[PDB]
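A short worksheet on the structure shown next.
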Amino acid sequence: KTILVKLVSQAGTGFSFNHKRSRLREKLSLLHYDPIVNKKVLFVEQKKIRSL
Amino acid sequence: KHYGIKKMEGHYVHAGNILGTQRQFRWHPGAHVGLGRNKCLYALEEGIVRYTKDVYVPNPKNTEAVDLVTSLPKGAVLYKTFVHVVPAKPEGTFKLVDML
Amino acid sequence: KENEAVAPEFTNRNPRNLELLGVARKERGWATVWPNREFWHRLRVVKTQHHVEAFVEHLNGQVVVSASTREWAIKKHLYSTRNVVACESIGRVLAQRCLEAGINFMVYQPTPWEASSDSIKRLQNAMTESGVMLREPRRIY
Amino acid sequence: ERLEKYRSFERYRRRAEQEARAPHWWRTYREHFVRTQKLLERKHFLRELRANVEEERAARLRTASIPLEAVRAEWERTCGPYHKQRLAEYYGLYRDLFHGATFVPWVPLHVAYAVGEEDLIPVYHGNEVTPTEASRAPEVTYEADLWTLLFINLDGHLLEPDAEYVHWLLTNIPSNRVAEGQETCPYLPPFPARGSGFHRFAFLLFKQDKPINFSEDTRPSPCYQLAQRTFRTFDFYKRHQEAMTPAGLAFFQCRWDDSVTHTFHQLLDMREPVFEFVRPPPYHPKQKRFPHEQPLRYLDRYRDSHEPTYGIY
RNA sequence: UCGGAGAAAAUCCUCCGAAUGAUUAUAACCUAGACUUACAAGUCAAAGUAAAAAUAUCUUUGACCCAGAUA
RNA sequence: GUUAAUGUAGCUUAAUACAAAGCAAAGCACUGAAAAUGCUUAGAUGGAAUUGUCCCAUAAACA
Ligand SMILES: [Mg+2]
Ligand SMILES: [Mg+2]
């Protein structure tokens with residue numbers, strides 16, 4: 001099974017995007033483009049949306 | 001669906017027009033013709049479409065083609081069908097703007 | 001004023017006017033074949049059993065600048081036809097001919113194993129120090 | 001199975017490249033887009049060089065070098081004319097000047113533009129020289145023992161495409177001395193217009209059997225009329241093709257420069273023209289009353305002015 | 001209902017599969033010109049700009065209304 | 001003596017030009033072997049015409 005989760009930007013902005021990960025693995029963290037800051041920054045998982 | 005040749009040889013083609021659709025590589029990109037991720041073929045310039053046969057040489061890195069190519073007999077080499085568009089206009093000209 | 005009569009449209013016929021300006025087309029296809037043909041001028045280095053050669057050819061296929069050990073003057077001053085120094089020398093001979101010819105920008109397409117070859121690296125060193133650029137500038141649309 | 005199989009990529013590549021050049025019945029990409037004393041002497045030197053241990057040592061120590069100047073002189077004498085011809089045809093000089101006729105260069109002509117007093121810029125085939133560097137006449141030297149030396153602006157004409165301008169023409173040159181030539185045309189600096197690309201300037205040398213009166217060709221001195229600098233090489237050499245055969249070549253490319261403004265103003269005495277490179281307008285299909293499934297931008301592609309209008313109000 | 005193979009563009013004709021999963025160095029915005037199509041939905045993409053030092057490959061679901069979640 | 005001759009380097013009916021060319025073959029390194037790959041090796045027009053026959057060196061059989 002897999003779960004849809006919400007990755008939140010740690011730049012101080014509220015920008016977020018949804019990604020997929022299997023429920024077995026650990027919480028995700030990633031680098032992604034933040035439009036409001038116009039730079040690549042870290043996105044850290046904060047909440048779970050749904051199970052798919 | 002309706003996979004086939006959208007533009008036949010000898011037709012005026014504008015930039016962006018799609019020339020062919022294919023599940024597998026029945027035709028290959030040639031001169032001024034690009035590849036779509038779905039493997040469709042579109043024209044990169046305004047001109048006339050042409051179909052021509054030509055020799056095929058693969059990238060060195062890919063294994064499967066190199067293995068086959070070397071294994072071919074000495075006598076001859078394999079061929080393929082290629083698509084090309086022949087540009088029909090000059091990209092620009094010089095004109096008199098001011099006399100100073 | 002008779003001298004001030006000028007036609008509305010100028011017509012330069014230099015076969016290299018647009019190419020130098022950077023506003024000339026380079027073929028952009030050949031995505032299933034090697035090598036890419038998106039070059040104004042390309043350098044081909046050929047190694048034979050007994051001789052080593054190098055050519056500069058335009059897209060149409062005409063050779064413009066050529067240096068080869070087959071040339072008499074080169075060999076008489078050359079100890080060996082197939083040497084690392086010979087590769088450096090033939091490159092240096094080619095470099096001077098290019099500069100006078102005016103071909104300041106060029107592209108090279110070394111295959112992986114050939115690229116690893118020490119001699120080719122030496123040849124590239126000869127070209128770059130002479131100031132011939134091995135990558136062309138991007139077209140202006 | 002009888003035929004052997006290529007053991008390496010390079011063997012296939014070279015064979016394929018040769019295969020492409022050969023003509024084929026099927027359609028192909030190319031169709032649409034297109035003495036003994038010397039030898040005995042030569043062998044002796046090679047054996048001597050091979051015998052020399054020092055040359056072998058230097059080669060394997062990768063310290064050897066070659067004299068460039070000596071090779072250049074040797075190349076000019078041996079097979080330089082063949083290479084020299086290629087450049088002229090590639091740049092279109094033969095087709096534009098002689099209507100396709102070809103003459104092999106033979107005399108290693110030499111020219112250089114004096115810069116200040118210490119240095120002088122050479123003029124090889126295809127070199128780049130600024131108009132400022134060419135303000136004054138150059139030094140010309142060649143091994144001879146009459147001659148005519150000629151200058152052209154192949155693509156610099158401002159009214160007629162075919163015609164070209166002279167800078168200066170010397171006639172009845174005896175042997176090597178050049179001060180004895182008749183100055184039919186006084187010297188002028190290059191004047192390529194702004195934004196008009198690269199112009200090619202050619203140096204021509206013709207062997208003269210017997211001296212010929214060029215009275216018709218002579219231009220007044222000083223002459224600042226462009227109507228008088230215009231000419232054609234093709235017909236000009238036709239009237240003299242009995243006693244004139246070309247034997248030299250040298251050309252260079254020059255762009256616009258600040259001095260060009262001075263030339264157009266001070267002595268040409270006319271306002272300088274400016275040219276710009278214009279691309280053709282973008283193509284758009286015919287406009288429709290109902291553009292089904294097209295974005296709002298569709299209306300913008302066909303409008304001319306960006307500012308609102310109010311009609312009768 | 002959707003996709004793949006034969007008949008070969010018909011069938012209640014002969015068969016297999018799908019309502020995902022794995023790895024991802026994380027795949028932006030903007031915009032000529034086209035395919036496909038009754039409508040609705042679905043594909044591909046030059047140039048320009050921006051992050052970096054360009055595309056993630058394997059290869060298949062569900063309108064509107066109406067209720068959610070947080071910032 | 002007549003044939004038959006064999007006559008650019010293992011091969012080529014490469015070449016006679018602006019080079020005596022291309023290919024085969026060889027050494028070392030690279031570890032299964034081979035191949036590939038990198039760095040290295042050695043060379044010939046008997047000699048002509050005329051080419052797409054002598055010619056003598058040579059030459060078995062004819063003799
Ligand atoms: Mg629709
Ligand atoms: Mg783009």
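Every chain in the structure tokens has a letter given in the order shown (A, B, ...), and although residue numbers restart at 1 in each chain, ligands are simply numbered from 1 in the order shown.
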
Give me the residues of chain E that have any atom at most 8 Å from an atom of ligand 1; for each, the nearest atom pair and the distance in Å, rounded to one decimal. Use only C-alpha atoms (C1' of nucleotides) and all ligand atoms, sort by chain and number, and format it as CSV.
```
residue,atom,partner,partner_atom_place_in_ligand_line,distance
E:37,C1',ligand 1,1 (Mg),6.3
E:39,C1',ligand 1,1 (Mg),7.1
E:40,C1',ligand 1,1 (Mg),6.8
E:41,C1',ligand 1,1 (Mg),7.7
```

As a quick test: using only C-alpha atoms (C1' of nucleotides) and all ligand atoms, which residues lie no more than 10 Å away from ligand 2? Give them as a PDB file with N, CA and C atoms (P, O5', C5', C4', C3', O3' and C1' of nucleotides), in the first residue's frame.
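Okay, out-v3.pdb is ready:
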```
ATOM      1  P     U E  31       1.139  33.000 -21.747  1.00  0.00           P
ATOM      2  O5'   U E  31       1.690  32.462 -23.141  1.00  0.00           O
ATOM      3  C5'   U E  31       2.389  33.322 -24.030  1.00  0.00           C
ATOM      4  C4'   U E  31       3.235  32.545 -25.008  1.00  0.00           C
ATOM      5  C3'   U E  31       2.498  31.866 -26.150  1.00  0.00           C
ATOM      6  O3'   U E  31       2.181  32.756 -27.206  1.00  0.00           O
ATOM      7  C1'   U E  31       4.098  30.380 -25.223  1.00  0.00           C
ATOM      8  P     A E  45       7.006  16.765 -25.922  1.00  0.00           P
ATOM      9  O5'   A E  45       7.152  18.095 -26.785  1.00  0.00           O
ATOM     10  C5'   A E  45       7.859  18.091 -28.016  1.00  0.00           C
ATOM     11  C4'   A E  45       7.664  19.382 -28.769  1.00  0.00           C
ATOM     12  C3'   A E  45       8.105  20.647 -28.051  1.00  0.00           C
ATOM     13  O3'   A E  45       9.497  20.885 -28.149  1.00  0.00           O
ATOM     14  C1'   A E  45       5.947  20.970 -28.945  1.00  0.00           C
ATOM     15  P     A E  46      10.182  22.035 -27.262  1.00  0.00           P
ATOM     16  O5'   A E  46      10.598  23.145 -28.326  1.00  0.00           O
ATOM     17  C5'   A E  46      11.458  22.829 -29.410  1.00  0.00           C
ATOM     18  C4'   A E  46      11.562  23.971 -30.389  1.00  0.00           C
ATOM     19  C3'   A E  46      12.092  25.284 -29.837  1.00  0.00           C
ATOM     20  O3'   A E  46      13.504  25.317 -29.725  1.00  0.00           O
ATOM     21  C1'   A E  46      10.163  25.703 -31.123  1.00  0.00           C
ATOM     22  P     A E  47      14.201  26.001 -28.450  1.00  0.00           P
ATOM     23  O5'   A E  47      13.822  27.545 -28.570  1.00  0.00           O
ATOM     24  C5'   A E  47      14.224  28.312 -29.695  1.00  0.00           C
ATOM     25  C4'   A E  47      13.527  29.649 -29.736  1.00  0.00           C
ATOM     26  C3'   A E  47      13.648  30.510 -28.486  1.00  0.00           C
ATOM     27  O3'   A E  47      14.856  31.247 -28.423  1.00  0.00           O
ATOM     28  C1'   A E  47      11.387  30.399 -29.126  1.00  0.00           C
ATOM     29  P     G E  48      15.658  31.360 -27.036  1.00  0.00           P
ATOM     30  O5'   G E  48      14.739  32.289 -26.122  1.00  0.00           O
ATOM     31  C5'   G E  48      14.471  33.636 -26.483  1.00  0.00           C
ATOM     32  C4'   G E  48      13.437  34.263 -25.580  1.00  0.00           C
ATOM     33  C3'   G E  48      13.722  34.209 -24.086  1.00  0.00           C
ATOM     34  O3'   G E  48      14.616  35.216 -23.644  1.00  0.00           O
ATOM     35  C1'   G E  48      11.509  33.514 -24.476  1.00  0.00           C
ATOM     36  P     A E  54      20.287  20.483 -15.284  1.00  0.00           P
ATOM     37  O5'   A E  54      19.554  20.829 -16.654  1.00  0.00           O
ATOM     38  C5'   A E  54      18.139  20.795 -16.759  1.00  0.00           C
ATOM     39  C4'   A E  54      17.699  20.968 -18.191  1.00  0.00           C
ATOM     40  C3'   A E  54      16.829  19.847 -18.759  1.00  0.00           C
ATOM     41  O3'   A E  54      15.443  20.039 -18.525  1.00  0.00           O
ATOM     42  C1'   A E  54      18.699  20.128 -20.142  1.00  0.00           C
TER      43        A E  54
END
```

Review point. Atom CA of residue C:41 to atom CA of residue C:16: how many Å, to one decimal?
Key: 11.6 Å

Exercise for review: Pick out the residues sitting within 9 Å of residue A:21, and hand them over as an NGL selection string; count only C-alpha atoms (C1' of nucleotides), and ignore anything fewer than 3 positions along from it in its own chain.
Suggested key: :A and (2-5 or 24-28)

Check your understanding: Within 12 Å of residue A:16, counting only C-alpha atoms (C1' of nucleotides), which residues qualify if same-chain residues fewer than 6 places away don't, as a ChimeraX atom specification?
Key -> /A:5-10,30-36,41-47 /E:70-71

Exercise for review: Please identify which residues in stretch 63-122 of chain D DSSP calls alpha helix (DSSP H) from the backbone, and express them as a list in words.
Suggested key: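 Answer for stretch 63-122 of chain D restricted to alpha helix (DSSP H) is residues 68, 69, 70, 71, 72, 73, 74, 75, 76, 77, 78, 80, 81, 82, 83, 84, 85, 86, 87, 88, 89, 90, 93, 94, 95, 96 and 97 of chain D.
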
Non-local contacts of stretch 5-7 of chain B (9 Å; only C-alpha atoms (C1' of nucleotides); under 6 positions in same chain excluded) as a PDB file with N, CA and C atoms (P, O5', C5', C4', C3', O3' and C1' of nucleotides), in the first residue's frame:
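out_20.pdb was written with the following content:
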```
ATOM      1  N   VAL B  13       5.047  22.440 -45.281  1.00  0.00           N
ATOM      2  CA  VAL B  13       4.845  22.179 -43.863  1.00  0.00           C
ATOM      3  C   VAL B  13       5.329  23.384 -43.070  1.00  0.00           C
ATOM      4  N   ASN B  17       4.164  21.537 -37.193  1.00  0.00           N
ATOM      5  CA  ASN B  17       3.286  20.515 -37.742  1.00  0.00           C
ATOM      6  C   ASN B  17       3.822  19.125 -37.428  1.00  0.00           C
ATOM      7  N   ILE B  18       2.916  18.217 -37.085  1.00  0.00           N
ATOM      8  CA  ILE B  18       3.276  16.842 -36.759  1.00  0.00           C
ATOM      9  C   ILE B  18       3.206  16.013 -38.033  1.00  0.00           C
ATOM     10  N   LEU B  19       4.268  15.254 -38.302  1.00  0.00           N
ATOM     11  CA  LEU B  19       4.405  14.530 -39.557  1.00  0.00           C
ATOM     12  C   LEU B  19       4.012  13.063 -39.466  1.00  0.00           C
ATOM     13  N   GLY B  20       4.243  12.408 -38.333  1.00  0.00           N
ATOM     14  CA  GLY B  20       3.968  10.989 -38.230  1.00  0.00           C
ATOM     15  C   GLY B  20       3.777  10.551 -36.799  1.00  0.00           C
ATOM     16  N   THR B  21       2.986   9.496 -36.628  1.00  0.00           N
ATOM     17  CA  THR B  21       2.756   8.860 -35.341  1.00  0.00           C
ATOM     18  C   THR B  21       3.122   7.387 -35.456  1.00  0.00           C
ATOM     19  N   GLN B  22       3.618   6.816 -34.362  1.00  0.00           N
ATOM     20  CA  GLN B  22       4.137   5.458 -34.421  1.00  0.00           C
ATOM     21  C   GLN B  22       4.259   4.886 -33.018  1.00  0.00           C
ATOM     22  N   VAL B  49       8.612  18.309 -47.042  1.00  0.00           N
ATOM     23  CA  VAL B  49       8.943  17.041 -46.400  1.00  0.00           C
ATOM     24  C   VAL B  49       9.531  16.085 -47.429  1.00  0.00           C
TER      25      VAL B  49
ATOM     26  P     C E  35      -3.862  19.200 -37.565  1.00  0.00           P
ATOM     27  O5'   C E  35      -3.703  17.830 -36.768  1.00  0.00           O
ATOM     28  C5'   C E  35      -2.953  16.751 -37.306  1.00  0.00           C
ATOM     29  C4'   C E  35      -2.623  15.724 -36.252  1.00  0.00           C
ATOM     30  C3'   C E  35      -3.795  14.913 -35.723  1.00  0.00           C
ATOM     31  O3'   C E  35      -4.132  13.823 -36.562  1.00  0.00           O
ATOM     32  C1'   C E  35      -2.487  15.695 -33.912  1.00  0.00           C
TER      33        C E  35
END
```

Review point. Leaving out residue D:141 and any residue of its chain fewer than 3 positions from it, which residues lie within 7 Å of it when counting only C-alpha atoms (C1' of nucleotides), given as a PyMOL selection string?
Key: chain D and resi 109-111

Give me the residues of chain D that have any atom at most 12 Å from an atom of chain F; for each, the nearest atom pair and the distance in Å, rounded to one decimal. Use only C-alpha atoms (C1' of nucleotides), sort by chain and number, and format it as CSV.
```
residue,atom,partner,partner_atom,distance
D:5,CA,F:35,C1',11.3
D:6,CA,F:35,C1',10.4
D:7,CA,F:35,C1',6.8
D:8,CA,F:36,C1',6.3
D:9,CA,F:36,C1',9.0
D:10,CA,F:36,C1',10.6
D:11,CA,F:23,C1',11.7
D:35,CA,F:16,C1',11.1
D:36,CA,F:20,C1',11.2
D:39,CA,F:20,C1',8.9
D:40,CA,F:20,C1',11.4
D:42,CA,F:20,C1',11.1
D:43,CA,F:20,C1',10.4
D:60,CA,F:40,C1',10.1
D:75,CA,F:18,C1',9.7
D:76,CA,F:18,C1',10.9
D:77,CA,F:18,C1',10.4
D:78,CA,F:18,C1',7.0
D:79,CA,F:18,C1',4.7
D:80,CA,F:18,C1',8.1
D:81,CA,F:18,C1',8.7
D:82,CA,F:18,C1',6.8
D:83,CA,F:18,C1',8.8
D:84,CA,F:18,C1',11.6
```

Go ahead and save the residues from that selection, with N, CA, C and O atoms, as a tab-separated table (two decimals), in the first residue's frame.
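Okay, again.tsv is ready:
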```
chain	number	residue	atom	x	y	z
D	5	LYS	N	33.00	-10.82	-39.61
D	5	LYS	CA	32.21	-9.87	-38.84
D	5	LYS	C	33.14	-8.82	-38.23
D	5	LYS	O	34.19	-9.16	-37.69
D	6	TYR	N	32.74	-7.55	-38.33
D	6	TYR	CA	33.56	-6.48	-37.78
D	6	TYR	C	33.83	-6.74	-36.30
D	6	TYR	O	32.91	-7.03	-35.53
D	7	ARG	N	35.09	-6.64	-35.91
D	7	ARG	CA	35.48	-6.87	-34.53
D	7	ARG	C	35.49	-5.60	-33.69
D	7	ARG	O	35.55	-5.69	-32.46
D	8	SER	N	35.41	-4.42	-34.31
D	8	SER	CA	35.46	-3.16	-33.59
D	8	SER	C	34.49	-2.17	-34.23
D	8	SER	O	34.13	-2.28	-35.40
D	9	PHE	N	34.07	-1.19	-33.42
D	9	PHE	CA	33.16	-0.17	-33.91
D	9	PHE	C	33.79	0.66	-35.02
D	9	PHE	O	33.13	1.00	-36.01
D	10	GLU	N	35.08	0.99	-34.88
D	10	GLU	CA	35.72	1.89	-35.83
D	10	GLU	C	35.66	1.34	-37.25
D	10	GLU	O	35.46	2.10	-38.21
D	11	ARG	N	35.82	0.02	-37.41
D	11	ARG	CA	35.77	-0.56	-38.74
D	11	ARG	C	34.41	-0.32	-39.39
D	11	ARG	O	34.34	0.04	-40.57
D	35	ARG	N	61.37	15.25	-60.89
D	35	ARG	CA	60.41	14.19	-60.60
D	35	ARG	C	61.10	13.02	-59.90
D	35	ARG	O	61.13	12.96	-58.67
D	36	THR	N	61.66	12.09	-60.68
D	36	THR	CA	62.41	10.99	-60.09
D	36	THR	C	63.62	11.51	-59.32
D	36	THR	O	64.00	10.91	-58.30
D	39	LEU	N	62.39	12.31	-55.86
D	39	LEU	CA	62.15	11.12	-55.05
D	39	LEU	C	63.45	10.56	-54.51
D	39	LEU	O	63.54	10.19	-53.33
D	40	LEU	N	64.48	10.48	-55.35
D	40	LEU	CA	65.78	10.02	-54.88
D	40	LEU	C	66.31	10.94	-53.79
D	40	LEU	O	66.82	10.47	-52.76
D	42	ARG	N	64.43	12.84	-51.85
D	42	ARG	CA	63.56	12.71	-50.69
D	42	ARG	C	63.94	11.50	-49.84
D	42	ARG	O	64.00	11.58	-48.61
D	43	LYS	N	64.22	10.36	-50.49
D	43	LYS	CA	64.56	9.16	-49.75
D	43	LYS	C	65.84	9.34	-48.94
D	43	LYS	O	65.94	8.86	-47.81
D	60	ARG	N	60.71	9.81	-28.38
D	60	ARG	CA	60.25	8.96	-27.29
D	60	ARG	C	60.28	9.67	-25.94
D	60	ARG	O	59.61	9.23	-25.01
D	75	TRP	N	55.49	24.49	-47.60
D	75	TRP	CA	54.13	24.23	-48.03
D	75	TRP	C	53.74	25.12	-49.20
D	75	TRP	O	53.08	24.67	-50.15
D	76	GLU	N	54.13	26.39	-49.16
D	76	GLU	CA	53.78	27.31	-50.24
D	76	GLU	C	54.37	26.84	-51.57
D	76	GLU	O	53.70	26.88	-52.60
D	77	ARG	N	55.63	26.39	-51.55
D	77	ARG	CA	56.28	25.99	-52.79
D	77	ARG	C	55.72	24.68	-53.33
D	77	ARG	O	55.52	24.54	-54.54
D	78	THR	N	55.43	23.72	-52.45
D	78	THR	CA	55.13	22.36	-52.90
D	78	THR	C	53.67	22.23	-53.35
D	78	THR	O	53.40	21.97	-54.52
D	79	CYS	N	52.73	22.40	-52.42
D	79	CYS	CA	51.32	22.18	-52.71
D	79	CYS	C	50.42	23.29	-52.17
D	79	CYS	O	49.20	23.10	-52.10
D	80	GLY	N	50.99	24.44	-51.79
D	80	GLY	CA	50.20	25.56	-51.34
D	80	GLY	C	49.17	26.06	-52.33
D	80	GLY	O	48.06	26.41	-51.94
D	81	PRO	N	49.49	26.11	-53.63
D	81	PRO	CA	48.48	26.55	-54.60
D	81	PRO	C	47.20	25.75	-54.55
D	81	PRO	O	46.11	26.32	-54.68
D	82	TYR	N	47.28	24.43	-54.36
D	82	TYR	CA	46.08	23.61	-54.31
D	82	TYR	C	45.20	24.01	-53.13
D	82	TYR	O	43.99	24.20	-53.28
D	83	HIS	N	45.80	24.15	-51.95
D	83	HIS	CA	45.04	24.59	-50.79
D	83	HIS	C	44.52	26.01	-50.99
D	83	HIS	O	43.39	26.33	-50.61
D	84	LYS	N	45.34	26.87	-51.60
D	84	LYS	CA	44.94	28.26	-51.79
D	84	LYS	C	43.72	28.37	-52.69
D	84	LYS	O	42.84	29.20	-52.46
```
